[PDB]
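One structure is given below, encoded as structure tokens.
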Amino acid sequence: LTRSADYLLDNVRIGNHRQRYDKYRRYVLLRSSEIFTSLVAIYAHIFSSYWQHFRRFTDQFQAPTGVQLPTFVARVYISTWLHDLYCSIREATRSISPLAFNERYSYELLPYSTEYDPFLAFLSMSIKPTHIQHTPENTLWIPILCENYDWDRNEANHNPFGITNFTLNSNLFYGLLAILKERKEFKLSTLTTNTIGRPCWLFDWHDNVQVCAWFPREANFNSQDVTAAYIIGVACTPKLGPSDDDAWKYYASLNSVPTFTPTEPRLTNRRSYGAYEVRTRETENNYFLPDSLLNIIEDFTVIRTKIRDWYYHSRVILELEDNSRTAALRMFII
Amino acid sequence: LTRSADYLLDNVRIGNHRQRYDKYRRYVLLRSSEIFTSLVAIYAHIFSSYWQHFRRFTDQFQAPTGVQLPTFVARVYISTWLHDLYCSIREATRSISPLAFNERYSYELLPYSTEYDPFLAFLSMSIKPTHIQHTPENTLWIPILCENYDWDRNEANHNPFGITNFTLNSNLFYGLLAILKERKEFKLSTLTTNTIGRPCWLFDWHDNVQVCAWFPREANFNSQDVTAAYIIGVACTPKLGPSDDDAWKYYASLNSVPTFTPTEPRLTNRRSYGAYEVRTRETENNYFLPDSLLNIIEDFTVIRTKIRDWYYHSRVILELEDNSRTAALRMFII
Amino acid sequence: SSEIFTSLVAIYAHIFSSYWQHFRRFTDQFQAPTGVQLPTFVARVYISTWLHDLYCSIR
Amino acid sequence: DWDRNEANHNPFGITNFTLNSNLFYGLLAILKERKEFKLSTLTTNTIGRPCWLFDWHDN
Amino acid sequence: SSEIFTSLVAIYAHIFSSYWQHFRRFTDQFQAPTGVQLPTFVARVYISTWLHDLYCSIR
């Protein structure tokens with residue numbers, strides 16, 4: 001059936017058509033403050049495990065409040081890593097998608113360090129303009145640390161992103177880097193200058209422990225990205241996966257039945273399915289009717305319409321005429 | 001980081017869990033009435049350009065009311081091919097998915113032919129239970145010719161599906177097969193005995209020639225399937241792709257604006273995207289209100305819930321806790 | 001393209017009618033419009049298709 | 001004056017322009033199997049010949 | 001920078017129109033600002049991007 005296929009392809013009759021180009025750039029805002037706290041909490045314990053090498057170094061500093069000194073050290077460490085993560089994303093967007101560089105990453109910063117522990121040097125490698133394949137849209141996701149970046153040159157009051165306990169201290173950071181370098185138990189790796197990241201920061205984090213991949217495992221991730229998502233025990237991005245929601249139910253008083261895992265009676269029948277599914281339920285306890293039913297009842301004291309956006313992987317047939325159908329059948333069966 | 005991943009895989013923390021098995025069965029109802037019409041129309045053309053070879057054999061039969069003899073011969077040919085396609089799908093579902101055999105294809109027919117032209121043989125090879133990979137749900141789509149069949153043994157009265165001009169005729173069919181066999185113009189092909197088909201019949205057909213694939217091209221189809229779908233110039237199934245539904249808009253009477261492919265504004269934002277997208281609108285003429293909302297209007301002389309069903313490819317993290325996070329981090333940075 | 005069509009139809013109907021035994025059984029299913037002989041009608045169809053394809057050749 | 005209806009297509013101003021797919025392809029098959037009639041594949045040149053460019057006068 | 005722009009847009013719209021069977025489906029997603037044709041729209045975007053990048057190359 002390849003002669004008919006080739007004949008339909010020589011004309012533009014059929015093909016592989018898409019409306020988006022291959023690595024279509026999508027910005028996605030990182031959490032950047034939940035990640036921060038998760039990492040600070042995971043690193044304060046590592047530091048406390050070997051605190052006999054930091055108890056003298058930290059005698060020069062004073063913690064802001066009842067925060068312990070290992071948490072202070074971890075906070076400064078992670079704030080510096082975030083500061084440098086901005087810069088690593090910025091240099092990655094220069095070789096891939098210069099438009100993201102022009103619109104979101106134009107401000108220049110040099111990184112405090114080129115060496116971090118093997119894990120933060122792994123997320124530095126991963127949280128980058130990552131590429132996802134074999135989903136309906138072939139996308140290049142660009143991580144965004146913040147929408148408006150609030151830069152500053154005095155690095156004592158410097159808090160570019162809106163993180164709460166963000167603290168830059170070059171004295172603390174560089175003393176701690178010397179400690180981690182001279183100690184035989186701590187290992188430091190240099191940051192890799194790659195351009196494409198890994199999906200370790202894109203999984204969807206749901207109710208109990210339900211972390212679920214909205215993209216195929218093949219060509220996307222290899223269980224080392226699930227490990228990095230595991231050590232960051234929180235979501236790195238908002239929910240980006242597909243959802244098949246039903247119609248709205250309305251209630252006068254807050255008699256709303258709790259969302260039962262016994263599968264509360266959904267109104268509409270399901271349309272799309274996956275191998276793993278999570279059922280949720282959103283609420284709106286003060287929703288005002290959309291200004292049209294109000295009109296209708298006001299002249300009472302209805303026509304419904306809905307926009308559907310069917311998204312696909314590609315368009316396969318471009319121009320259908322009977323003569324080409326008959327010619328393709330004729331060169332096949334004659 | 002592979003040591004940490006093996007640690008998180010021996011202790012079963014991360015994984016590849018799915019709630020649905022690999023070739024998950026899904027019945028999809030075939031058109032079989034539009035397919036029949038378009039196949040008859042495209043085969044009457046190939047028969048009338050070679051009518052000297054069929055004119056003397058078909059002088060003994062009479063077309064029913066006002067049908068031309070090529071159209072009548074094509075109707076008989078296509079009706080017999082559909083009869084045998086039932087049996088192809090039945091014997092394919094017997095082996096794989098024996099429960100769909102028991103509940104959809106229990107009735108036994110005997111096939112009239114093991115030999116058709118190359119294209120009807122290709123379609124017999126393709127409209128078996130197709131396997132679709134790399135969509136959120138790894139699926140096995142099973143074509144259903146009809147929900148109910150209305151069997152009977154009278155050959156001249158048999159219409160096992162709801163097709164208007166379905167005509168079985170044994171003498172005509174076997175004389176026609178003999179003619180196609182001895183004419184060197186026409187090819188014949190033995191029907192294969194495969195069990196998994198091809199997605200030729202599964203594309204989504206929209207208002208224009210906008211025929212689009214809701215599955216990746218890699219591992220699914222190869223543009224011989226696009227050709228086979230092209231020769232059948234109609235939709236073979238209902239629309240199976242995903243759509244990003246908007247919120248309903250309300251109007252008093254039929255005063256709605258026309259639909260704008262120039263993108264009239266949609267109420268909600270966008271959540272899911274494809275490389276190709278088709279925007280449609282669904283009008284509902286007679287919709288009163290939810291009866292609870294009517295109760296609210298009467299009590300007037302608001303709360304709103306909605307069930308969201310997120311679907312994914314797998315569940316990647318099974319059991320999360322800080323002891324395992326700390327262990328898998330320590331074994332990477334110490 | 002109107003004089004060419006007429007003269008080509010006229011000179012091809014002659015070649016078709018001297019070999020009409022080979023086209024008689026195939027063309028019994030079609031009907032010529034008003035008073036056209038079947039060789040002339042077949043030549044008209046042939047020449048109209050050739051002109052259709054000549055457009056594409058020049059394009 | 002284009003249009004897609006095959007039985008109504010008359011892309012030029014010719015009176016008896018008649019397109020017919022079944023007739024054309026059956027006729028081509030006949031010309032192909034009859035050893036009397038020759039067939040030729042259309043070339044893919046780009047410059048023609050002046051066969052059509054001469055000046056025709058009253059005689 | 002604006003006479004050059006128009007000269008280049010006009011010269012490239014013709015190149016694009018010569019092979020428009022490969023852009024007629026791609027440009028179905030866009031809408032031209034005014035009575036400007038779609039090959040001119042494609043050429044305008046092409047040349048504007050080239051000018052944008054020409055700044056950078058001179059820089």
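So you can find residues: chains in the structure tokens are A, B, ... in the order shown, residues in each start at 1, and ligands are numbered from 1 in order.
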
Neighbouring residues of residue 29 in chain A were defined as those with any atom within 9 Å, considering only C-alpha atoms; residues of the same chain fewer than 4 positions away were excluded. Please report them as a PDB file with C-alpha atoms, in the first residue's frame.
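Output file part21.pdb is given in full below:
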```pdb
ATOM      1  CA  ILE A 142      10.985  26.286  30.725  1.00  0.00           C
ATOM      2  CA  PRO A 143      11.106  26.596  34.537  1.00  0.00           C
ATOM      3  CA  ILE A 144      10.312  30.052  35.905  1.00  0.00           C
ATOM      4  CA  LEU A 145      11.638  30.904  39.361  1.00  0.00           C
ATOM      5  CA  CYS A 146       9.447  34.013  39.624  1.00  0.00           C
ATOM      6  CA  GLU A 147       7.340  36.209  37.364  1.00  0.00           C
ATOM      7  CA  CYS A 236       8.078  21.422  41.969  1.00  0.00           C
ATOM      8  CA  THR A 237       5.363  22.739  39.617  1.00  0.00           C
ATOM      9  CA  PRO A 238       1.551  23.074  39.589  1.00  0.00           C
TER      10      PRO A 238
END
```

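With chain C superimposed on chain E by least squares using every Cα atom in order, the two chains differ by 0.3 Å RMSD.
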
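Contacts from chain D to chain B at a cut-off of 12 Å (only C-alpha atoms) map to residues 20, 21, 22, 23, 24, 25, 26, 27, 28, 29, 30, 32 and 33 of chain D.
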
For the selection you just gave me, I'd like the residues written to a file as a short mmCIF file (atom, residue, chain, number, x, y, z; two decimals), in the first residue's frame, keeping N, CA and C atoms.
```cif
data_model
loop_
_atom_site.label_atom_id
_atom_site.label_comp_id
_atom_site.auth_asym_id
_atom_site.auth_seq_id
_atom_site.Cartn_x
_atom_site.Cartn_y
_atom_site.Cartn_z
N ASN D 20 -15.53 12.48 -17.63
CA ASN D 20 -16.19 11.25 -17.20
C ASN D 20 -15.10 10.28 -16.78
N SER D 21 -15.03 9.98 -15.48
CA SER D 21 -13.89 9.22 -14.97
C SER D 21 -13.99 7.75 -15.35
N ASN D 22 -15.17 7.15 -15.18
CA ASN D 22 -15.33 5.73 -15.50
C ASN D 22 -15.03 5.47 -16.97
N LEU D 23 -15.61 6.29 -17.85
CA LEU D 23 -15.35 6.16 -19.27
C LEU D 23 -13.86 6.32 -19.57
N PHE D 24 -13.23 7.34 -18.98
CA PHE D 24 -11.84 7.60 -19.29
C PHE D 24 -10.94 6.44 -18.88
N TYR D 25 -11.14 5.90 -17.68
CA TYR D 25 -10.23 4.87 -17.21
C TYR D 25 -10.50 3.52 -17.86
N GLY D 26 -11.76 3.20 -18.15
CA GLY D 26 -12.02 2.03 -18.96
C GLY D 26 -11.43 2.15 -20.35
N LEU D 27 -11.52 3.35 -20.94
CA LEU D 27 -10.96 3.58 -22.26
C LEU D 27 -9.45 3.45 -22.26
N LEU D 28 -8.80 3.97 -21.22
CA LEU D 28 -7.35 3.83 -21.10
C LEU D 28 -6.95 2.37 -20.93
N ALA D 29 -7.73 1.61 -20.16
CA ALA D 29 -7.45 0.18 -20.02
C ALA D 29 -7.58 -0.54 -21.35
N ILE D 30 -8.60 -0.19 -22.13
CA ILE D 30 -8.77 -0.80 -23.45
C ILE D 30 -7.59 -0.46 -24.35
N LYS D 32 -4.71 0.23 -23.46
CA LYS D 32 -3.52 -0.42 -22.95
C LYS D 32 -3.46 -1.89 -23.35
N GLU D 33 -4.59 -2.59 -23.33
CA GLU D 33 -4.53 -4.01 -23.65
C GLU D 33 -4.66 -4.30 -25.13
#
```

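For the pair CA of residue 21 in chain E and CA of residue 320 in chain A, the separation is 14.4 Å.
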
Residue among A:178, A:42, A:132, A:30 lying closest to chain B, counting only C-alpha atoms
A:42

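All residues within range 37-157 of chain B that the backbone DSSP calculation assigns to strand (DSSP E) are residues 115, 116, 130, 131, 132, 139, 140, 141, 142, 143 and 144 of chain B.
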
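Separating CA of residue 232 in chain B from CA of residue 56 in chain C is a distance of 26.6 Å.
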
Can you give me chain A superposed onto chain B, least-squares on all Cα in order, written as a compact mmCIF listing (two decimals) with C-alpha atoms, in the first residue's frame?
```txt
# COMPACT_ATOMS: atom_id res chain seq x y z
CA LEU A 1 21.88 8.05 41.44
CA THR A 2 21.15 4.38 40.74
CA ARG A 3 22.12 3.00 44.15
CA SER A 4 19.47 5.20 45.77
CA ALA A 5 17.03 4.24 43.01
CA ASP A 6 17.69 0.53 43.55
CA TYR A 7 17.29 0.98 47.30
CA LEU A 8 13.95 2.74 46.82
CA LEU A 9 12.90 -0.02 44.39
CA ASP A 10 13.83 -2.94 46.65
CA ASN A 11 11.26 -1.53 49.01
CA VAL A 12 8.00 -0.69 47.27
CA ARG A 13 8.73 3.00 47.90
CA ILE A 14 8.80 3.96 44.20
CA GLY A 15 7.96 2.18 40.98
CA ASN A 16 5.89 2.12 37.78
CA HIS A 17 2.30 1.67 38.94
CA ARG A 18 -0.86 1.64 36.85
CA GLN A 19 -4.49 0.84 37.56
CA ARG A 20 -5.14 -0.68 34.12
CA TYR A 21 -3.37 -3.74 32.78
CA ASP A 22 -1.30 -3.52 29.64
CA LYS A 23 -3.69 -4.25 26.77
CA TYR A 24 -6.76 -2.94 28.52
CA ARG A 25 -9.76 -3.94 26.42
CA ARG A 26 -12.02 -1.13 25.20
CA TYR A 27 -14.96 -1.78 22.89
CA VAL A 28 -15.61 0.89 20.28
CA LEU A 29 -18.63 0.81 17.97
CA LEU A 30 -17.87 1.07 14.26
CA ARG A 31 -19.98 3.26 12.01
CA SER A 32 -20.63 0.27 9.73
CA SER A 33 -23.14 2.17 7.62
CA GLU A 34 -21.15 5.25 6.70
CA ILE A 35 -18.19 2.98 5.96
CA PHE A 36 -20.56 0.81 3.93
CA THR A 37 -21.75 3.67 1.72
CA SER A 38 -18.27 5.14 1.27
CA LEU A 39 -16.92 1.76 0.16
CA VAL A 40 -19.89 1.04 -2.12
CA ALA A 41 -19.40 4.39 -3.83
CA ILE A 42 -15.67 3.87 -4.24
CA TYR A 43 -16.10 0.34 -5.66
CA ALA A 44 -18.98 1.06 -8.04
CA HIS A 45 -16.57 3.25 -10.00
CA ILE A 46 -13.91 0.54 -10.18
CA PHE A 47 -16.54 -1.89 -11.45
CA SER A 48 -17.93 0.59 -13.99
CA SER A 49 -14.40 1.11 -15.30
CA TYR A 50 -14.34 -2.55 -16.44
CA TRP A 51 -18.09 -3.05 -16.91
CA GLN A 52 -17.49 -4.87 -20.20
CA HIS A 53 -16.86 -7.95 -18.03
CA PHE A 54 -19.94 -7.62 -15.81
CA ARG A 55 -22.65 -6.48 -18.24
CA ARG A 56 -23.40 -10.06 -19.28
CA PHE A 57 -22.99 -11.58 -15.81
CA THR A 58 -25.49 -9.14 -14.28
CA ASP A 59 -28.18 -9.77 -16.90
CA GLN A 60 -29.67 -12.42 -14.59
CA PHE A 61 -30.24 -9.98 -11.71
CA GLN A 62 -32.56 -7.01 -11.29
CA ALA A 63 -31.62 -3.96 -9.25
CA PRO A 64 -34.00 -3.06 -6.39
CA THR A 65 -34.82 0.45 -7.64
CA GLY A 66 -33.27 3.20 -9.77
CA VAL A 67 -29.96 2.05 -8.31
CA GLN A 68 -27.58 1.25 -11.16
CA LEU A 69 -26.15 -2.23 -11.69
CA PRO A 70 -22.52 -1.40 -10.76
CA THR A 71 -23.82 -0.02 -7.46
CA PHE A 72 -25.79 -3.23 -6.96
CA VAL A 73 -22.70 -5.35 -7.57
CA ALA A 74 -20.64 -3.17 -5.23
CA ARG A 75 -23.36 -3.33 -2.56
CA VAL A 76 -23.42 -7.13 -2.62
CA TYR A 77 -19.60 -7.21 -2.61
CA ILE A 78 -19.31 -4.89 0.39
CA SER A 79 -22.13 -6.58 2.32
CA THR A 80 -20.36 -9.92 1.94
CA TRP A 81 -17.11 -8.31 3.07
CA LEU A 82 -18.83 -6.90 6.18
CA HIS A 83 -20.39 -10.29 6.93
CA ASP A 84 -16.92 -11.85 6.75
CA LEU A 85 -15.37 -8.99 8.74
CA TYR A 86 -17.54 -9.97 11.67
CA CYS A 87 -16.03 -13.45 11.39
CA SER A 88 -12.46 -12.18 11.11
CA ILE A 89 -12.84 -10.02 14.23
CA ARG A 90 -14.42 -13.03 15.93
CA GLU A 91 -11.45 -15.29 15.23
CA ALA A 92 -9.02 -12.53 16.20
CA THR A 93 -10.69 -12.07 19.59
CA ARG A 94 -10.27 -15.80 20.27
CA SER A 95 -6.47 -15.61 20.51
CA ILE A 96 -6.43 -12.11 22.04
CA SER A 97 -8.92 -11.18 24.76
CA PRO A 98 -11.16 -14.26 25.12
CA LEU A 99 -13.42 -12.02 27.22
CA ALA A 100 -14.42 -10.04 24.14
CA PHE A 101 -15.12 -13.40 22.51
CA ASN A 102 -17.35 -14.43 25.41
CA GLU A 103 -19.29 -11.16 25.69
CA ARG A 104 -19.50 -9.85 22.11
CA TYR A 105 -18.36 -12.46 19.56
CA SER A 106 -19.74 -15.81 20.68
CA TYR A 107 -22.05 -16.43 17.70
CA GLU A 108 -20.32 -18.56 15.07
CA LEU A 109 -20.38 -17.78 11.34
CA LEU A 110 -18.28 -19.06 8.58
CA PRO A 111 -17.12 -16.47 6.03
CA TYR A 112 -18.47 -16.46 2.50
CA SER A 113 -15.00 -15.98 1.06
CA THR A 114 -11.32 -16.14 1.96
CA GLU A 115 -10.31 -13.98 -1.02
CA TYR A 116 -10.96 -10.28 -1.60
CA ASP A 117 -9.32 -7.48 -3.50
CA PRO A 118 -6.05 -6.28 -1.93
CA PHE A 119 -7.79 -3.35 -0.23
CA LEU A 120 -10.62 -5.18 1.54
CA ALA A 121 -8.07 -7.86 2.40
CA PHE A 122 -6.08 -4.99 3.96
CA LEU A 123 -8.95 -3.62 6.05
CA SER A 124 -9.71 -7.20 7.04
CA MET A 125 -6.15 -7.25 8.38
CA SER A 126 -6.49 -3.79 9.96
CA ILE A 127 -9.96 -3.63 11.51
CA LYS A 128 -9.16 -6.02 14.36
CA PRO A 129 -8.31 -5.80 18.08
CA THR A 130 -5.75 -3.03 17.57
CA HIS A 131 -3.21 -1.91 20.16
CA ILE A 132 -2.29 1.72 20.91
CA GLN A 133 0.91 2.56 22.81
CA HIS A 134 2.36 5.65 24.51
CA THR A 135 -1.03 7.21 25.21
CA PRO A 136 -2.12 7.72 28.83
CA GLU A 137 -3.95 4.39 28.69
CA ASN A 138 -2.29 1.41 27.02
CA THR A 139 -5.39 0.19 25.22
CA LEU A 140 -6.50 -2.68 23.01
CA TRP A 141 -9.43 -1.33 21.02
CA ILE A 142 -11.98 -3.90 19.85
CA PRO A 143 -14.19 -2.90 16.88
CA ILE A 144 -17.90 -3.57 17.33
CA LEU A 145 -20.00 -3.92 14.18
CA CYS A 146 -23.27 -3.66 16.12
CA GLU A 147 -24.46 -3.84 19.72
CA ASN A 148 -27.28 -6.34 19.07
CA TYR A 149 -26.56 -8.55 16.13
CA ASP A 150 -29.97 -9.73 14.79
CA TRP A 151 -28.82 -13.00 13.26
CA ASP A 152 -30.67 -15.01 10.63
CA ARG A 153 -30.20 -18.22 8.64
CA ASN A 154 -32.16 -17.32 5.48
CA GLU A 155 -29.48 -15.24 3.78
CA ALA A 156 -31.92 -13.42 1.50
CA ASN A 157 -33.43 -11.48 4.42
CA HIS A 158 -30.18 -11.56 6.42
CA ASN A 159 -29.16 -8.12 7.72
CA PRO A 160 -27.25 -8.70 10.96
CA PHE A 161 -26.17 -5.10 11.46
CA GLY A 162 -28.47 -2.18 10.86
CA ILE A 163 -27.18 -1.19 7.43
CA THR A 164 -29.79 0.16 5.04
CA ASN A 165 -28.85 -1.21 1.60
CA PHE A 166 -27.23 -4.37 2.98
CA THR A 167 -27.78 -7.25 0.56
CA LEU A 168 -26.42 -10.80 0.64
CA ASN A 169 -26.55 -12.69 -2.67
CA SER A 170 -24.45 -15.85 -2.95
CA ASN A 171 -25.15 -16.20 -6.68
CA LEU A 172 -24.05 -12.65 -7.43
CA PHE A 173 -21.12 -12.77 -5.02
CA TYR A 174 -19.66 -16.03 -6.27
CA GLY A 175 -20.13 -15.17 -9.94
CA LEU A 176 -18.42 -11.84 -9.27
CA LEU A 177 -15.60 -13.62 -7.44
CA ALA A 178 -15.10 -15.91 -10.44
CA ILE A 179 -15.00 -12.84 -12.70
CA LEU A 180 -12.45 -11.04 -10.52
CA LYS A 181 -10.37 -14.22 -10.37
CA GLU A 182 -10.25 -15.00 -14.09
CA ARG A 183 -9.73 -11.39 -15.18
CA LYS A 184 -6.08 -10.38 -15.53
CA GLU A 185 -6.76 -6.78 -14.44
CA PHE A 186 -8.31 -7.70 -11.09
CA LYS A 187 -6.11 -9.15 -8.37
CA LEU A 188 -7.34 -11.07 -5.33
CA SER A 189 -5.47 -11.68 -2.08
CA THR A 190 -6.33 -14.19 0.62
CA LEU A 191 -7.21 -12.89 4.06
CA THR A 192 -4.37 -12.93 6.58
CA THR A 193 -5.01 -14.61 9.92
CA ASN A 194 -3.33 -12.11 12.21
CA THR A 195 -4.65 -11.02 15.61
CA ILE A 196 -3.57 -7.39 16.10
CA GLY A 197 -4.81 -4.76 13.66
CA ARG A 198 -3.68 -1.31 12.59
CA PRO A 199 -5.02 2.12 13.58
CA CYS A 200 -6.28 2.82 10.05
CA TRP A 201 -9.83 3.00 11.49
CA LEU A 202 -9.30 5.12 14.61
CA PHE A 203 -8.37 8.64 13.46
CA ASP A 204 -10.68 11.51 14.38
CA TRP A 205 -12.52 13.07 11.44
CA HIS A 206 -13.27 16.77 11.93
CA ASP A 207 -14.98 19.66 10.22
CA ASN A 208 -13.44 20.30 6.80
CA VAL A 209 -10.83 17.63 6.03
CA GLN A 210 -9.25 17.72 9.46
CA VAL A 211 -8.38 14.08 10.15
CA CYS A 212 -6.16 14.02 13.21
CA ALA A 213 -4.29 11.36 15.16
CA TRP A 214 -4.98 11.38 18.90
CA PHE A 215 -2.04 9.01 19.44
CA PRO A 216 1.70 9.24 18.71
CA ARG A 217 2.91 8.28 15.27
CA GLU A 218 5.83 6.32 16.71
CA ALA A 219 5.02 2.62 17.29
CA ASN A 220 1.42 3.15 16.16
CA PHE A 221 1.07 3.93 12.44
CA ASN A 222 3.25 4.42 9.37
CA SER A 223 1.38 6.41 6.71
CA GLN A 224 0.00 3.25 5.12
CA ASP A 225 -2.71 3.38 7.77
CA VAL A 226 -3.34 6.98 6.72
CA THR A 227 -3.68 5.72 3.15
CA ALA A 228 -6.27 3.16 4.23
CA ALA A 229 -8.05 5.87 6.21
CA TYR A 230 -7.89 7.95 3.01
CA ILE A 231 -9.50 5.38 0.71
CA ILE A 232 -12.27 5.06 3.33
CA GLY A 233 -13.12 8.71 2.97
CA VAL A 234 -15.25 8.79 6.13
CA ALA A 235 -14.82 8.20 9.85
CA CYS A 236 -14.81 4.59 10.99
CA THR A 237 -15.43 5.31 14.69
CA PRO A 238 -16.81 8.16 16.83
CA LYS A 239 -14.49 10.85 18.19
CA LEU A 240 -12.01 9.24 20.58
CA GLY A 241 -9.48 12.02 21.11
CA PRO A 242 -8.90 14.43 23.98
CA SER A 243 -10.86 17.64 24.33
CA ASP A 244 -10.39 20.70 26.55
CA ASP A 245 -13.82 22.30 26.81
CA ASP A 246 -14.81 25.46 28.64
CA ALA A 247 -17.92 26.40 30.61
CA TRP A 248 -21.42 26.60 29.19
CA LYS A 249 -22.79 29.88 27.88
CA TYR A 250 -26.52 30.49 28.28
CA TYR A 251 -28.88 32.30 25.92
CA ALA A 252 -32.56 33.18 26.14
CA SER A 253 -33.49 33.42 22.45
CA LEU A 254 -31.57 32.01 19.51
CA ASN A 255 -29.23 35.00 19.28
CA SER A 256 -26.30 32.59 19.59
CA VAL A 257 -23.31 34.14 17.83
CA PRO A 258 -21.94 31.71 15.20
CA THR A 259 -18.81 29.85 16.23
CA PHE A 260 -16.16 32.17 14.84
CA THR A 261 -12.78 30.97 13.64
CA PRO A 262 -11.92 34.50 14.90
CA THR A 263 -11.82 32.65 18.25
CA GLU A 264 -15.02 33.61 20.06
CA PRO A 265 -14.27 34.62 23.68
CA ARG A 266 -13.80 31.35 25.56
CA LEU A 267 -14.74 31.66 29.23
CA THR A 268 -12.16 29.46 30.97
CA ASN A 269 -8.43 29.41 30.30
CA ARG A 270 -6.98 26.39 28.54
CA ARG A 271 -5.47 23.52 30.52
CA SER A 272 -4.18 20.92 28.05
CA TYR A 273 -2.67 21.39 24.61
CA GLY A 274 -1.66 19.49 21.50
CA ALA A 275 0.38 20.06 18.39
CA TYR A 276 -2.77 20.25 16.25
CA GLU A 277 -6.08 21.52 17.60
CA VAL A 278 -9.64 21.79 16.29
CA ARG A 279 -12.16 24.14 17.90
CA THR A 280 -15.85 23.21 17.84
CA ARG A 281 -18.97 24.33 19.68
CA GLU A 282 -21.95 22.24 20.75
CA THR A 283 -25.42 23.65 21.36
CA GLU A 284 -28.50 22.72 23.41
CA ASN A 285 -31.44 24.92 22.43
CA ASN A 286 -33.97 23.56 24.95
CA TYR A 287 -31.84 22.68 27.98
CA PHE A 288 -33.73 22.57 31.27
CA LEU A 289 -31.90 23.62 34.42
CA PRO A 290 -30.82 20.64 36.53
CA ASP A 291 -33.73 20.57 38.98
CA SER A 292 -31.67 22.37 41.64
CA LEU A 293 -31.62 25.95 40.39
CA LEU A 294 -35.33 25.40 39.81
CA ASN A 295 -35.71 24.66 43.52
CA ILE A 296 -33.55 27.69 44.34
CA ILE A 297 -35.66 30.07 42.26
CA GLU A 298 -38.92 28.50 43.45
CA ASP A 299 -38.11 29.30 47.06
CA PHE A 300 -36.82 32.61 45.64
CA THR A 301 -40.12 33.57 44.00
CA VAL A 302 -25.77 28.62 45.18
CA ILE A 303 -22.95 26.17 45.89
CA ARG A 304 -21.27 24.61 42.84
CA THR A 305 -19.26 21.37 42.76
CA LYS A 306 -17.39 19.47 40.02
CA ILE A 307 -15.81 16.02 39.77
CA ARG A 308 -12.37 15.97 38.14
CA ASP A 309 -10.81 12.72 36.94
CA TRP A 310 -7.09 13.33 36.46
CA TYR A 311 -5.76 10.54 34.26
CA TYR A 312 -2.06 9.78 33.96
CA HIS A 313 0.33 7.37 32.33
CA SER A 314 1.52 5.91 35.63
CA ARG A 315 1.99 6.45 39.35
CA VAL A 316 5.68 6.90 40.10
CA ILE A 317 5.93 7.24 43.90
CA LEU A 318 4.10 4.74 46.11
CA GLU A 319 5.14 5.46 49.71
CA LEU A 320 6.92 8.60 50.93
CA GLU A 321 8.54 8.69 54.37
CA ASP A 322 11.28 10.96 55.66
CA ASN A 323 13.60 8.13 56.66
CA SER A 324 13.77 6.74 53.12
CA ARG A 325 14.27 10.24 51.70
CA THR A 326 17.20 10.78 54.04
CA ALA A 327 18.63 7.31 53.36
CA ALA A 328 18.45 7.87 49.59
CA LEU A 329 20.16 11.25 49.97
CA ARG A 330 22.74 9.80 52.36
CA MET A 331 23.84 6.94 50.13
CA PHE A 332 24.23 9.49 47.32
CA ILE A 333 26.15 12.39 48.88
CA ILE A 334 28.17 10.44 51.46
```

Report as an NGL selection string all protein, DNA and RNA residues lying within 12 Å of residue 14 in chain E, evaluated on only C-alpha atoms, omitting residues in the same chain fewer than 2 positions from it.
:E and (7-12 or 16-20 or 37-43)

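The interatomic distance for the pair CA of residue 17 in chain D and CA of residue 47 in chain C works out to 8.2 Å.
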
DSSP-assigned helix (DSSP H, G or I) among chain E, expressed as a PyMOL selection string:
chain E and resi 3-18+20-22+26-29+38-58

Using only C-alpha atoms, determine which residues of chain E fall within 10 Å of chain A; present them as JSON, numbers by chain.
{"E": [21, 22, 24, 25, 26, 27, 28, 29]}

Could you write out the selected residues, including N, CA and C atoms, as a short mmCIF file (atom, residue, chain, number, x, y, z; two decimals), in the first residue's frame?
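Writing the result to selection_28.cif gives the following:
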```
data_model
loop_
_atom_site.label_atom_id
_atom_site.label_comp_id
_atom_site.auth_asym_id
_atom_site.auth_seq_id
_atom_site.Cartn_x
_atom_site.Cartn_y
_atom_site.Cartn_z
N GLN E 21 1.63 25.19 -2.04
CA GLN E 21 0.97 23.95 -1.62
C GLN E 21 1.58 23.36 -0.36
N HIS E 22 2.65 23.96 0.17
CA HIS E 22 3.25 23.52 1.41
C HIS E 22 3.01 24.48 2.56
N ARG E 24 -0.27 26.31 2.61
CA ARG E 24 -1.69 26.61 2.72
C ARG E 24 -2.31 25.96 3.95
N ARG E 25 -1.81 24.79 4.36
CA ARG E 25 -2.32 24.18 5.58
C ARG E 25 -1.68 24.75 6.83
N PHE E 26 -0.39 25.10 6.76
CA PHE E 26 0.29 25.64 7.93
C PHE E 26 -0.27 26.99 8.34
N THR E 27 -0.68 27.81 7.38
CA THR E 27 -1.18 29.15 7.64
C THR E 27 -2.67 29.19 7.92
N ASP E 28 -3.33 28.04 8.04
CA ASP E 28 -4.75 28.04 8.37
C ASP E 28 -5.01 28.48 9.80
N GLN E 29 -3.99 28.43 10.66
CA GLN E 29 -4.13 28.84 12.05
C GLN E 29 -4.05 30.34 12.23
#
```
